[PDB]
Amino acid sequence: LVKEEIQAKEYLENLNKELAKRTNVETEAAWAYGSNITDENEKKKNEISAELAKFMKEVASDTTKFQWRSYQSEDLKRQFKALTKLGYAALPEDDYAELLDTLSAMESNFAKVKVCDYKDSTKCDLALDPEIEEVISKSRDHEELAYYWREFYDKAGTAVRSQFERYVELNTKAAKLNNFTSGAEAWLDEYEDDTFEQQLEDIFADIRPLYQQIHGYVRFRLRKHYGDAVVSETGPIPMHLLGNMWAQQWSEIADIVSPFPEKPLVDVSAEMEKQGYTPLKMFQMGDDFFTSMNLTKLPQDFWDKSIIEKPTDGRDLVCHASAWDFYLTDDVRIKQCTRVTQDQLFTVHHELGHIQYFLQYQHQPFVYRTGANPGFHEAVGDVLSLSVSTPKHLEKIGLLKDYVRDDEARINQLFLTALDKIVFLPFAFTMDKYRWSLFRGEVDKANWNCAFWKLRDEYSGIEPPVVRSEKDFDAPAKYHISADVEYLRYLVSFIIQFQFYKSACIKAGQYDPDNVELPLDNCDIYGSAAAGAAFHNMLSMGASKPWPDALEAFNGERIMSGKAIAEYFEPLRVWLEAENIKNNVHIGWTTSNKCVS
């Protein structure tokens, strides 16, 4: 049994190596398909996934040869337990193949959406990225906005209802084969905490009043721009006016809702273009931020194999930005259809945070080469982006000029940041609240579409521009819903990234709550080896320990907390509460009239 444990340790070392080797090729096939959507690439991706699922079944069976619950090493026991968890690979081979086909159909559908131009309906080659996203972000023609909203949701959402239904069924079947009640419990398993969902309810409830104030002010300002017939005083905000196809962040309309329109609003896109920025330069700058913190420089494979601008050959691909670990040493890549904008610069850092994480844990055994939890993975790059976005940093790198950081400019900047960070929280929560409700069998198929919009109303106080019904199916028009990517990770990320940022800022000498010269919202951790060390300590652990141990390695904390994010926006909360009372701004909303059961 001491002998058996020694044998089990060698068995796991070899198994992890083999899993990394096989997953490398699965990842190559997935990369090929995602960068070039073809029936041939789809078939190879799905065959290799099927072969790997069959291997995982064998692995799970082989683990029963070892009396691993009697072993001394908690590490070995953790590895064995992770290797017993089959997920979708628990499905019978025919069901697994059908699930893969279903997922590919939805992903292909999303990637291939083309719409007709509003001004000339004979031009029908407008894609989400970049053409439709450009219109939704920049047009202030409410009819044009509503047209693109409808065309996109009809094609990206409604077209895949039947595939989505079958996916829900197979996801549920898989979950029950793994002894989870549903796919909701399967997803929640990744956080290794039986109170995790309630913890999020509690944090969300604390931040919700600030969201209500932001919502009310934005509606007030939208109504002043568009008039009562377009934006009602008391109803949910028509979502097509919020600058984003899913209304998940509202910073693209900052020029119609900024607190002080006479005072500066940071948008460095023009200066980036004036200075001849390219996607390459943007990625080089991100790399430089990480190396400035004494973290790992991007390896040669990254530069040689990444795709950092949209192809011009007219093939179909998934343009949704992503970061890829190929499970060797130093083979890590990003695929991004990069444009030279402030928003895209943040996305670059977001994706490079994933890459940094891959590099930091690449010597862990294969089973531990992943995030402490899914939210940790999403948070890394956003911590850097918070620094990148500060007037302090943008002035230093020459992208922001003639900027006086007076009280009004500060409110503009905090408000802009809140349009990205606070507004996203109810959005992110609803993406999984909706799917969990379907996974759990709590909504009859007859009510699936209005269940989606009811949640979007309840939590975000937004609604479609036009009346929808159960003849539409709108949820899959969000990438992650069509792609079967869990979304709670982003809610978790948006909370914990402020915990990481606050701690890194203190370690860098960039934040002191008692010093007016060092406010949290102007902290730049660029150049801080001390902040980098904290990242190294956490990120190098991968998934070797439960996430509270990874957090503790960073800053001694073990608890997920909304204190930091509230602290960041406290100056905005004070101003905004006073401003809404001053202007008699209506808070809250009536139930939406936009979904017919």
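Here the rigid core means the biggest group of C-alpha atoms that line up within 1.5 Å when the two forms are laid on top of each other. Note that residue numbering follows the sequence shown and begins at 1.
Annotation: of the segments 68 to 76 and 382 to 390, 68 to 76 departs further from this form in 5 other deposited structures of this protein (C-alpha atoms, root mean square over structures and residues, core superposition). Averaged over structures and residues, the CA distance from the shown form in 5 other deposited structures of this protein after a core fit is larger for 58 to 66, of the two stretches 538 to 546 and 58 to 66.
Here the stretch with the larger average CA B-factor, out of 570 to 578 and 21 to 29, is 570 to 578. Mean CA temperature factor is higher for 512 to 520 when stretches 95 to 103 and 512 to 520 are set side by side in the entry. In this entry, the residue among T417, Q275, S460, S469 with the greatest C-alpha B factor is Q275.
Highest C-alpha temperature factor among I496, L399, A184, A477, as the PDB entry reports it: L399. In the deposited entry, the Cα temperature factor of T122 sits in the top third of values across the chain's modelled residues.
Per-chain ranking of the deposited C-alpha B factor places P465 in the lowest third.
In this PDB entry, the Cα temperature factor of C505 sits in the middle third of its chain's modelled residues. Per-chain ranking of the deposited C-alpha B factor places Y191 in the lowest third.
Per the deposited record, the Cα B-factor of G216 falls in the lowest third when ranked against the other modelled residues of its chain.
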